[PDB]
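Chemist: For reference, the structure I am asking about is given below.
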Amino acid sequence: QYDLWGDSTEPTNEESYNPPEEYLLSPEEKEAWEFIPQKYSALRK
Amino acid sequence: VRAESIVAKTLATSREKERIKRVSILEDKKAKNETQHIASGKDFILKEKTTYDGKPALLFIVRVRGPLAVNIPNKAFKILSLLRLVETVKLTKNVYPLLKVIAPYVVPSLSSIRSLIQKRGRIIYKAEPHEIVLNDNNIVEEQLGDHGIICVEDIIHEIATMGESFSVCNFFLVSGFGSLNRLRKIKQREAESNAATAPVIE
Amino acid sequence: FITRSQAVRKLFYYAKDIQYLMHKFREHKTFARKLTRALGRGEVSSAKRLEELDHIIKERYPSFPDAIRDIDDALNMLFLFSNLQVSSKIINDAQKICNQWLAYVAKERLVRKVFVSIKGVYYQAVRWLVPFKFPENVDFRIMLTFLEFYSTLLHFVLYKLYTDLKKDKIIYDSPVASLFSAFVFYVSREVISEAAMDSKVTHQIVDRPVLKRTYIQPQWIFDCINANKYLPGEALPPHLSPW
Amino acid sequence: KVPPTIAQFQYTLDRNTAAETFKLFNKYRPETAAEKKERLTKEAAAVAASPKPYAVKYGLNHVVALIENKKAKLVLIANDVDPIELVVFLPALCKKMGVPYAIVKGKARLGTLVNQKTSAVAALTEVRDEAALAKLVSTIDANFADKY
Amino acid sequence: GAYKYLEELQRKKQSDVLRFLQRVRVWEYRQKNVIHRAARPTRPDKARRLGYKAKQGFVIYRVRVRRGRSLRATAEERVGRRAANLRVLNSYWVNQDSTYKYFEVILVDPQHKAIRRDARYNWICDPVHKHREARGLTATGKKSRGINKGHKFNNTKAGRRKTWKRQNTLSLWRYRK
RNA sequence: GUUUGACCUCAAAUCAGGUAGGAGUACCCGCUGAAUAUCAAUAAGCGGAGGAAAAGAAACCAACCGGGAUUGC
RNA sequence: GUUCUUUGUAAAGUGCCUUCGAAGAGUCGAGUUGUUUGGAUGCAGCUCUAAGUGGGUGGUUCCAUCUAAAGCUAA
RNA sequence: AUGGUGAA
């Protein structure tokens, strides 16, 4: 509610919903993974 | 346990049973349209007093959890079990006589309805009793997409609108202790606090 | 050097910069015992009568630009609580703060990058994140204190930003601002909104397989910020992170 | 094993009747300092015809002044008063005057209902509810005087 | 008032009820220090008639003195020495047995602003009242001094030493009589 | 209630606001106190105050047609 | 003297009529033992312990005078 | 006699 300062002198990891199939981890490697990029039809799904 | 509790329970049950009996008799007589031995032949609803229009309006239902001293009667038990409202349809002419009975035990806009639907998010799913969350829209499509529901937003829209998912979804969908929490509960008790012929209290 | 536990009890850290730092939270404890006394007395009027961080913000952030260092976590927590034993009033206040911040951002349109992700829809002004409008399936006391501090900071931040009603019932500088200007969009159930129903628009947004106001998908806007290849029903591009 | 005038305490009203008496007394809680101050300020502001107020009598000297006048109808006596001589004679005085008396454990409990930390005795003279007071007096008599 | 009942009850000192009270209280005090702070007097009527008032500034002390310079005088002196910042006003007996005799003494603090602003008690704040028990100005001290009117106190009406000095002096005027 | 509160009691804090020692001592007050009557309620000793201290407004003095705080001559 | 304030159905006094009308307990007192007095008084360890038209001090049936067991107060 | 001094 007031100016307590005034003038003074003092990232993602490609986890998209529709990423390239290479980014998506394979099912076999998902066991070793124990967030992952996944493929989805669209934003609503 | 002292006899006072059971005595109060019996007295409250008798009083509320008589109150429900008068309401049922009045409704039955009104159904016959013989407005010659009843105080009020028409219907009313209280927000102020408002006339009960025949339009099947849909409004949210809330649980009041009481009167506690009144042991729930068999009719109220069955009504709550059918509506699964025991845990703490529409306003049609055939639903009002049953809603009025459970009136003492119970009591919007798009902003409230959308938030409530998207926050509660009950979804019956197969263990068998799973009801965790609105996990994915694809679940609705698989279980309910055949009715024209591609996502939960369709259910929300059809509930707000006079659609069919409003009815279909029925088969698919201070509170503390300690000294600090006693004063707030005592204050809320004032807001926490019924004639048969009187209008329904909302 | 004084150990963390020893320093906390006295009040690894440098003693020189901690000893001087020893100087209402402690006094508030008396309210609990006063309330207990009032409850014991059996009368509530005295309880009602008894019932009836700016300083830390300045030292942590002596200047407004310094707030950007922690604004990331502040906005993260605020948006997480906006969609989440936290009291309903706290959730409402957190949601209101986020809505006001978004409204101010839209007023200036100071947005440069966006990225829809599984975790949530990322944004850049400074980067911030918000989760989806779905229910979220730990000691919340730490979370509550962090939310309180971040809300106190954001109050002053919003005051500075602003210095420099039936809708409630329903709810040049960059290519983002330069592009889409005057392009009034129409959004379907998935600017005018169809949800309010419960034309001058040049484009229409819909993702359903079946459709009847050019039909465009939000992926077009996302990629342009980060209908050439976004006609309804067609496969969207990989949607790679701009960063 | 003590003189009969002593050990008249340790025999007290039962839990149910004691709770009923406390509930009845809580109705006539005297206006605390804050309530009286705010009410007087409101009256002064309004000024800037009245009914007699009703409240419990708790002052030992004031109660004893009311006692022996036969005005007091029911008197509560604490059994843990350190100067026991202050209350050894009170039951006998009440018996001689025919005023029903009830011994309630805890001077602190007695005082908690009169906005005071402790209160040796409490007595009622006026009532709002007379049937309830008469029933409570009869119950207290039948449960205390006819038994002990 | 009830204080009349208290006085009448205390009149029958050898009553079995007062005997029990005294033997309980002496045993209770036997487990406490010789001199200790008393929360409130055990004889409210006596203290009230002695000038004690239940207000901020008054202090009640219980002191134990060996049986067999009177015992009350010794108790007053001890409490004054221990309570250097307080003034002894009066004291009263509270218990006795075969080994010890107990007295209660009430003290007023002249430093407390309540006493200083008390028109009925600010007199004790004068420096001339310092250590009243030391000079035997208390009730017990005056009684032991023989200060009183009548033939029974002619030799000790006011000052046993003063009369000796007066009767030993040789008054000589400028013009011899 | 295999709990939570009213007090009461007892301890502690480099807590806030206060006071006490001791010095002087002719006079004052109290205690003690010598060289069975006499030096003697003196000498000496200890404790407690002020400019004065103590006492002071009678369970008094009197046996009168009564006087009416204490103190000094 | 000079100047502002009072106030609030506020506090006292005078004469009359009327209804009521409290009083310092281990204290007084007696006993004994130490102490003082030219006084036989008082002081002091301890057994007991008093009454309210009552109690203390004085004499020829008692009559005269006060109300102790709390305290303050300049000359 | 009163009060102190040092001295095994």
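Identifiers in this document derive from the order of the structure tokens: chains are assigned A, B, ..., residues are numbered from 1 separately in each chain, and ligands are numbered from 1 in order of occurrence.
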Residues of chain B within 12 Å of chain F: nearest atom pair and distance (Å, one decimal) for each, counting only C-alpha atoms (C1' of nucleotides), sorted by chain and number, as a Markdown table?
Modeler:
| residue | atom | partner | partner_atom | distance |
| --- | --- | --- | --- | --- |
| B:177 | CA | F:4 | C1' | 10.3 |
| B:178 | CA | F:4 | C1' | 7.9 |
| B:179 | CA | F:4 | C1' | 8.1 |
| B:180 | CA | F:4 | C1' | 11.8 |
| B:182 | CA | F:4 | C1' | 11.6 |
Chemist: Write out, as a PDB file, in the first residue's frame, the residues just selected, with C-alpha atoms.
Modeler:
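To be explicit, this is the file written out as out-v7.pdb:
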ATOM      1  CA  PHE B 177      -9.827 -29.378  17.522  1.00  0.00           C
ATOM      2  CA  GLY B 178      -7.860 -27.621  20.243  1.00  0.00           C
ATOM      3  CA  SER B 179      -8.541 -24.492  22.254  1.00  0.00           C
ATOM      4  CA  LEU B 180      -7.853 -22.154  19.327  1.00  0.00           C
ATOM      5  CA  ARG B 182     -13.303 -23.661  19.828  1.00  0.00           C
TER       6      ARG B 182
END
Chemist: Write out as a ChimeraX atom specification each polymer residue whose atoms come within 12 Å of segment 108-118 of chain D, counting only C-alpha atoms (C1' of nucleotides); drop sequence neighbours fewer than 3 positions from it.
Modeler: /C:37-46 /D:18-19,21-35,55-60,75-82,102-105,121-123 /F:5-8
Chemist: What's around residue 55 of chain G at 12 Å? Count only C-alpha atoms (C1' of nucleotides), leave out sequence neighbours fewer than 5 positions away in its own chain, and write the answer as a PDB file with N, CA, C and O atoms (P, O5', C5', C4', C3', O3' and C1' of nucleotides), in the first residue's frame.
Modeler:
ATOM      1  P     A F  59      -7.034   4.595  77.362  1.00  0.00           P
ATOM      2  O5'   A F  59      -8.041   3.587  78.074  1.00  0.00           O
ATOM      3  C5'   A F  59      -7.965   3.354  79.472  1.00  0.00           C
ATOM      4  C4'   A F  59      -9.336   3.251  80.090  1.00  0.00           C
ATOM      5  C3'   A F  59      -9.378   3.247  81.610  1.00  0.00           C
ATOM      6  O3'   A F  59      -9.308   4.549  82.163  1.00  0.00           O
ATOM      7  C1'   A F  59     -10.730   1.493  80.780  1.00  0.00           C
TER       8        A F  59
ATOM      9  P     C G  28      -3.541  -9.041  78.448  1.00  0.00           P
ATOM     10  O5'   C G  28      -4.851  -8.797  79.323  1.00  0.00           O
ATOM     11  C5'   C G  28      -5.489  -7.529  79.335  1.00  0.00           C
ATOM     12  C4'   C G  28      -6.709  -7.520  80.223  1.00  0.00           C
ATOM     13  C3'   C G  28      -6.500  -7.947  81.668  1.00  0.00           C
ATOM     14  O3'   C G  28      -5.942  -6.932  82.483  1.00  0.00           O
ATOM     15  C1'   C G  28      -8.414  -9.019  80.807  1.00  0.00           C
ATOM     16  P     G G  29      -4.965  -7.327  83.697  1.00  0.00           P
ATOM     17  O5'   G G  29      -5.709  -8.538  84.419  1.00  0.00           O
ATOM     18  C5'   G G  29      -6.853  -8.313  85.230  1.00  0.00           C
ATOM     19  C4'   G G  29      -7.441  -9.605  85.745  1.00  0.00           C
ATOM     20  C3'   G G  29      -6.518 -10.477  86.581  1.00  0.00           C
ATOM     21  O3'   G G  29      -6.404 -10.035  87.923  1.00  0.00           O
ATOM     22  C1'   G G  29      -7.619 -11.819  84.983  1.00  0.00           C
ATOM     23  P     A G  50     -11.634 -18.355  78.339  1.00  0.00           P
ATOM     24  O5'   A G  50     -12.368 -17.297  79.275  1.00  0.00           O
ATOM     25  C5'   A G  50     -13.101 -17.730  80.411  1.00  0.00           C
ATOM     26  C4'   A G  50     -13.552 -16.571  81.262  1.00  0.00           C
ATOM     27  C3'   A G  50     -14.619 -15.674  80.657  1.00  0.00           C
ATOM     28  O3'   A G  50     -15.923 -16.215  80.786  1.00  0.00           O
ATOM     29  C1'   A G  50     -12.904 -14.346  81.605  1.00  0.00           C
ATOM     30  P     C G  66     -16.988  10.295  82.452  1.00  0.00           P
ATOM     31  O5'   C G  66     -15.636   9.612  81.957  1.00  0.00           O
ATOM     32  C5'   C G  66     -15.523   9.118  80.631  1.00  0.00           C
ATOM     33  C4'   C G  66     -14.455   8.059  80.514  1.00  0.00           C
ATOM     34  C3'   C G  66     -14.752   6.938  79.530  1.00  0.00           C
ATOM     35  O3'   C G  66     -14.436   7.295  78.195  1.00  0.00           O
ATOM     36  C1'   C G  66     -13.989   6.020  81.577  1.00  0.00           C
ATOM     37  P     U G  67     -15.358   6.807  76.973  1.00  0.00           P
ATOM     38  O5'   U G  67     -14.818   5.344  76.651  1.00  0.00           O
ATOM     39  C5'   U G  67     -13.420   5.076  76.606  1.00  0.00           C
ATOM     40  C4'   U G  67     -13.134   3.610  76.805  1.00  0.00           C
ATOM     41  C3'   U G  67     -13.650   2.701  75.693  1.00  0.00           C
ATOM     42  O3'   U G  67     -12.768   1.592  75.523  1.00  0.00           O
ATOM     43  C1'   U G  67     -14.700   2.124  77.731  1.00  0.00           C
ATOM     44  P     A G  68     -11.839   1.495  74.216  1.00  0.00           P
ATOM     45  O5'   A G  68     -10.484   0.852  74.752  1.00  0.00           O
ATOM     46  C5'   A G  68      -9.456   1.662  75.306  1.00  0.00           C
ATOM     47  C4'   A G  68      -8.387   0.820  75.954  1.00  0.00           C
ATOM     48  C3'   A G  68      -7.914  -0.379  75.145  1.00  0.00           C
ATOM     49  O3'   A G  68      -6.927  -0.032  74.188  1.00  0.00           O
ATOM     50  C1'   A G  68      -8.375  -1.050  77.370  1.00  0.00           C
ATOM     51  P     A G  69      -7.074  -0.500  72.659  1.00  0.00           P
ATOM     52  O5'   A G  69      -6.521  -1.992  72.661  1.00  0.00           O
ATOM     53  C5'   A G  69      -5.222  -2.285  73.156  1.00  0.00           C
ATOM     54  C4'   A G  69      -5.102  -3.731  73.561  1.00  0.00           C
ATOM     55  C3'   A G  69      -5.498  -4.750  72.502  1.00  0.00           C
ATOM     56  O3'   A G  69      -4.464  -5.001  71.567  1.00  0.00           O
ATOM     57  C1'   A G  69      -6.526  -5.309  74.556  1.00  0.00           C
TER      58        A G  69
END
Chemist: I need the residues in segment 35-87 of chain B that are strand (DSSP E or B) according to DSSP; give them as a ChimeraX atom specification.
Modeler: /B:44-46,49-51,63
Chemist: If you keep C-alpha atoms, can you produce a file of those selected residues as a PDB file, in the first residue's frame?
Modeler:
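What follows is the written file result_39.pdb:
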ATOM      1  CA  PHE B  44     -43.677 -21.963  -1.304  1.00  0.00           C
ATOM      2  CA  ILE B  45     -39.891 -21.901  -0.993  1.00  0.00           C
ATOM      3  CA  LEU B  46     -37.855 -19.634   1.292  1.00  0.00           C
ATOM      4  CA  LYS B  49     -40.661 -16.054   0.765  1.00  0.00           C
ATOM      5  CA  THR B  50     -40.733 -17.189  -2.868  1.00  0.00           C
ATOM      6  CA  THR B  51     -43.395 -19.087  -4.788  1.00  0.00           C
ATOM      7  CA  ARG B  63     -25.794 -31.237   4.259  1.00  0.00           C
TER       8      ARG B  63
END
Chemist: Please return, as a PDB file with N, CA and C atoms, in the first residue's frame, all residues of chain A lying within 12 Å of chain B when only C-alpha atoms are considered.
Modeler:
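Final output, saved to out-v4.pdb:
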ATOM      1  N   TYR A  40       0.774 -37.536 -26.746  1.00  0.00           N
ATOM      2  CA  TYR A  40      -0.664 -37.395 -26.583  1.00  0.00           C
ATOM      3  C   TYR A  40      -1.267 -36.843 -27.867  1.00  0.00           C
ATOM      4  N   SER A  41      -2.540 -37.175 -28.093  1.00  0.00           N
ATOM      5  CA  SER A  41      -3.201 -36.767 -29.329  1.00  0.00           C
ATOM      6  C   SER A  41      -3.286 -35.250 -29.439  1.00  0.00           C
ATOM      7  N   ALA A  42      -3.641 -34.575 -28.350  1.00  0.00           N
ATOM      8  CA  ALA A  42      -3.807 -33.127 -28.368  1.00  0.00           C
ATOM      9  C   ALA A  42      -3.813 -32.624 -26.930  1.00  0.00           C
ATOM     10  N   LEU A  43      -4.041 -31.317 -26.778  1.00  0.00           N
ATOM     11  CA  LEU A  43      -4.059 -30.717 -25.447  1.00  0.00           C
ATOM     12  C   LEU A  43      -5.157 -31.326 -24.586  1.00  0.00           C
ATOM     13  N   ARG A  44      -6.346 -31.520 -25.159  1.00  0.00           N
ATOM     14  CA  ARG A  44      -7.456 -32.080 -24.396  1.00  0.00           C
ATOM     15  C   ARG A  44      -7.209 -33.528 -23.992  1.00  0.00           C
ATOM     16  N   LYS A  45      -6.242 -34.198 -24.609  1.00  0.00           N
ATOM     17  CA  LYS A  45      -5.937 -35.586 -24.279  1.00  0.00           C
ATOM     18  C   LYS A  45      -4.437 -35.778 -24.087  1.00  0.00           C
TER      19      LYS A  45
END
Chemist: Go through chain E and flag each residue having an atom no more than 6 Å from chain F; for those, report the closest pair of atoms plus their distance in Å to one decimal, using only C-alpha atoms (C1' of nucleotides), ordered by chain and rising number, as a tab-separated table.
Modeler:
residue	atom	partner	partner_atom	distance
E:84	CA	F:20	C1'	4.8
E:85	CA	F:19	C1'	4.9
E:128	CA	F:49	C1'	5.5
E:134	CA	F:48	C1'	5.0
E:135	CA	F:29	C1'	4.6
E:136	CA	F:30	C1'	5.8
E:158	CA	F:55	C1'	6.0
Chemist: Would you save the residues from that selection as a PDB file, in the first residue's frame, using N, CA and C atoms?
Modeler:
ATOM      1  N   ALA E  84      13.844  -5.290  55.185  1.00  0.00           N
ATOM      2  CA  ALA E  84      14.422  -3.968  55.400  1.00  0.00           C
ATOM      3  C   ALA E  84      13.665  -2.887  54.638  1.00  0.00           C
ATOM      4  N   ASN E  85      13.107  -3.223  53.478  1.00  0.00           N
ATOM      5  CA  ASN E  85      12.405  -2.255  52.645  1.00  0.00           C
ATOM      6  C   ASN E  85      10.939  -2.090  53.026  1.00  0.00           C
ATOM      7  N   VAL E 128      10.550   9.099  59.837  1.00  0.00           N
ATOM      8  CA  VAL E 128      10.533   8.924  61.285  1.00  0.00           C
ATOM      9  C   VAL E 128       9.950   7.584  61.707  1.00  0.00           C
ATOM     10  N   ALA E 134      12.181  -1.568  66.005  1.00  0.00           N
ATOM     11  CA  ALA E 134      13.500  -1.353  66.588  1.00  0.00           C
ATOM     12  C   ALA E 134      13.423  -0.444  67.807  1.00  0.00           C
ATOM     13  N   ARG E 135      12.598   0.597  67.741  1.00  0.00           N
ATOM     14  CA  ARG E 135      12.422   1.531  68.842  1.00  0.00           C
ATOM     15  C   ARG E 135      11.257   1.155  69.749  1.00  0.00           C
ATOM     16  N   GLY E 136      10.634   0.002  69.522  1.00  0.00           N
ATOM     17  CA  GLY E 136       9.508  -0.411  70.337  1.00  0.00           C
ATOM     18  C   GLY E 136       8.288   0.469  70.198  1.00  0.00           C
ATOM     19  N   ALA E 158       5.910   7.890  80.273  1.00  0.00           N
ATOM     20  CA  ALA E 158       6.567   8.190  78.998  1.00  0.00           C
ATOM     21  C   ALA E 158       8.071   8.285  79.260  1.00  0.00           C
TER      22      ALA E 158
END
Chemist: Pull the closest atom pair for each residue of segment 118-233 of chain C that gets at most 10 Å from segment 11-26 of chain A, along with the distance in Å to one decimal, counting only C-alpha atoms, ordering rows by chain and then ascending residue number, as a Markdown table.
Modeler:
| residue | atom | partner | partner_atom | distance |
| --- | --- | --- | --- | --- |
| C:118 | CA | A:17 | CA | 5.9 |
| C:119 | CA | A:15 | CA | 7.9 |
| C:120 | CA | A:16 | CA | 9.5 |
| C:121 | CA | A:16 | CA | 9.7 |
| C:122 | CA | A:12 | CA | 8.3 |
| C:127 | CA | A:11 | CA | 8.2 |
| C:128 | CA | A:11 | CA | 9.9 |
Chemist: Sort by chain and increasing residue number a table of all residues of chain F within 7 Å of chain H, each with its closest pair of atoms and their distance in Å to one decimal, counting only C-alpha atoms (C1' of nucleotides), and write it as CSV.
Modeler:
residue,atom,partner,partner_atom,distance
F:34,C1',H:1,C1',5.2
F:35,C1',H:1,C1',3.8
F:44,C1',H:2,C1',4.3
Chemist: Print the selection's residues with N, CA and C atoms (P, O5', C5', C4', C3', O3' and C1' of nucleotides) to a file, as a PDB file, in the first residue's frame.
Modeler:
ATOM      1  P     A F  34      25.828  -6.699  85.311  1.00  0.00           P
ATOM      2  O5'   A F  34      26.087  -5.379  86.163  1.00  0.00           O
ATOM      3  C5'   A F  34      26.769  -5.435  87.407  1.00  0.00           C
ATOM      4  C4'   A F  34      28.265  -5.428  87.214  1.00  0.00           C
ATOM      5  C3'   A F  34      29.077  -4.756  88.312  1.00  0.00           C
ATOM      6  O3'   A F  34      29.306  -5.603  89.426  1.00  0.00           O
ATOM      7  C1'   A F  34      29.810  -3.983  86.200  1.00  0.00           C
ATOM      8  P     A F  35      29.496  -4.980  90.895  1.00  0.00           P
ATOM      9  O5'   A F  35      30.940  -4.309  90.849  1.00  0.00           O
ATOM     10  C5'   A F  35      32.103  -5.092  90.622  1.00  0.00           C
ATOM     11  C4'   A F  35      33.300  -4.227  90.320  1.00  0.00           C
ATOM     12  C3'   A F  35      33.684  -3.220  91.394  1.00  0.00           C
ATOM     13  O3'   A F  35      34.453  -3.790  92.439  1.00  0.00           O
ATOM     14  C1'   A F  35      33.635  -2.143  89.294  1.00  0.00           C
ATOM     15  P     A F  44      30.386   5.629  78.465  1.00  0.00           P
ATOM     16  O5'   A F  44      30.778   4.170  77.960  1.00  0.00           O
ATOM     17  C5'   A F  44      32.140   3.779  77.857  1.00  0.00           C
ATOM     18  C4'   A F  44      32.288   2.280  77.783  1.00  0.00           C
ATOM     19  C3'   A F  44      31.643   1.596  76.588  1.00  0.00           C
ATOM     20  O3'   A F  44      32.404   1.693  75.398  1.00  0.00           O
ATOM     21  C1'   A F  44      31.087   0.416  78.548  1.00  0.00           C
TER      22        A F  44
END
Chemist: Need to verify the contact set: residue 52 of chain E, 9 Å, only C-alpha atoms (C1' of nucleotides), exclusion of same-chain residues closer than 5 positions in sequence. Can you return it as number ranges by chain?
Modeler: E: 44, 46-47, 58, 89-90, 106-108
Chemist: Residue 74 of chain E: which residues within 10 Å, counting only C-alpha atoms (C1' of nucleotides), same-chain residues fewer than 3 positions away excluded, as a PyMOL selection string?
Modeler: chain E and resi 63-66+69-71+77-80+133-134
Chemist: Export N, CA and C atoms of the chosen residues as an mmCIF file, in the first residue's frame?
Modeler:
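So the final result, stored in selection.cif, reads:
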data_model
loop_
_atom_site.group_PDB
_atom_site.id
_atom_site.type_symbol
_atom_site.label_atom_id
_atom_site.label_comp_id
_atom_site.auth_asym_id
_atom_site.auth_seq_id
_atom_site.Cartn_x
_atom_site.Cartn_y
_atom_site.Cartn_z
ATOM 1 N N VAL E 63 6.461 -15.988 60.997
ATOM 2 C CA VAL E 63 7.780 -16.196 61.580
ATOM 3 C C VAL E 63 7.643 -17.103 62.795
ATOM 4 N N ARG E 64 8.602 -18.009 62.957
ATOM 5 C CA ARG E 64 8.625 -18.964 64.056
ATOM 6 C C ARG E 64 9.728 -18.577 65.031
ATOM 7 N N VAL E 65 9.397 -18.553 66.321
ATOM 8 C CA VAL E 65 10.319 -18.131 67.367
ATOM 9 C C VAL E 65 10.359 -19.200 68.449
ATOM 10 N N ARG E 66 11.561 -19.486 68.947
ATOM 11 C CA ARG E 66 11.716 -20.479 70.000
ATOM 12 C C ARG E 66 10.982 -20.039 71.260
ATOM 13 N N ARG E 69 12.837 -8.707 75.993
ATOM 14 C CA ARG E 69 12.730 -9.215 74.630
ATOM 15 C C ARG E 69 11.635 -10.275 74.535
ATOM 16 N N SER E 70 10.400 -9.824 74.335
ATOM 17 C CA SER E 70 9.276 -10.739 74.230
ATOM 18 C C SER E 70 9.313 -11.487 72.900
ATOM 19 N N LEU E 71 8.557 -12.586 72.842
ATOM 20 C CA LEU E 71 8.503 -13.378 71.617
ATOM 21 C C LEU E 71 7.944 -12.561 70.459
ATOM 22 N N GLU E 77 11.276 -7.858 65.319
ATOM 23 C CA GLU E 77 12.648 -7.487 64.990
ATOM 24 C C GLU E 77 13.182 -8.330 63.840
ATOM 25 N N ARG E 78 12.925 -9.638 63.871
ATOM 26 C CA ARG E 78 13.416 -10.516 62.814
ATOM 27 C C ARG E 78 12.800 -10.152 61.469
ATOM 28 N N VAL E 79 11.484 -9.925 61.442
ATOM 29 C CA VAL E 79 10.830 -9.611 60.175
ATOM 30 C C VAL E 79 11.295 -8.255 59.657
ATOM 31 N N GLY E 80 11.508 -7.291 60.557
ATOM 32 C CA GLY E 80 12.025 -6.003 60.127
ATOM 33 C C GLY E 80 13.428 -6.102 59.564
ATOM 34 N N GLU E 133 9.600 -1.384 65.028
ATOM 35 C CA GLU E 133 9.879 -2.406 66.031
ATOM 36 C C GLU E 133 11.224 -2.177 66.710
ATOM 37 N N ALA E 134 12.181 -1.568 66.005
ATOM 38 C CA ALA E 134 13.500 -1.353 66.588
ATOM 39 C C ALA E 134 13.423 -0.444 67.807
#
Chemist: Write out as a list in words which residues come within 9 Å of segment 31-33 of chain G when counting only C-alpha atoms (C1' of nucleotides), dropping same-chain ones fewer than 2 positions away.
Modeler: residues 45, 46, 47 and 48 of chain G
Chemist: May I have the residues within 7 Å of residue 152 of chain E as a ChimeraX atom specification, using only C-alpha atoms (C1' of nucleotides) and disregarding those fewer than 2 positions away in the same chain?
Modeler: /E:150,154 /G:41-42
Chemist: Can you build me a table of chain E residues sitting at most 6 Å from chain G, with the closest atom pair per residue and its distance in Å to one decimal, using only C-alpha atoms (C1' of nucleotides), sorted by chain and residue number, as a Markdown table?
Modeler:
| residue | atom | partner | partner_atom | distance |
| --- | --- | --- | --- | --- |
| E:11 | CA | G:25 | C1' | 5.2 |
| E:50 | CA | G:70 | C1' | 5.1 |
| E:68 | CA | G:45 | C1' | 4.9 |
| E:152 | CA | G:41 | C1' | 5.4 |
Chemist: Please produce an output containing N, CA and C atoms for each residue in the selection, written as a short mmCIF file (atom, residue, chain, number, x, y, z; two decimals), in the first residue's frame.
Modeler:
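Saved result, result-v2.cif, follows:
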data_model
loop_
_atom_site.label_atom_id
_atom_site.label_comp_id
_atom_site.auth_asym_id
_atom_site.auth_seq_id
_atom_site.Cartn_x
_atom_site.Cartn_y
_atom_site.Cartn_z
N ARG E 11 -13.09 -16.60 69.98
CA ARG E 11 -13.13 -16.41 71.42
C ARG E 11 -12.97 -17.73 72.16
N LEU E 50 -6.72 -4.73 62.91
CA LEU E 50 -5.38 -4.20 63.15
C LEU E 50 -4.93 -3.22 62.08
N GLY E 68 10.20 -19.84 75.30
CA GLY E 68 11.05 -19.66 76.47
C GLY E 68 12.39 -19.03 76.12
N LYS E 152 -0.63 3.36 87.83
CA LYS E 152 0.08 2.12 87.55
C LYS E 152 1.25 2.31 86.60
#
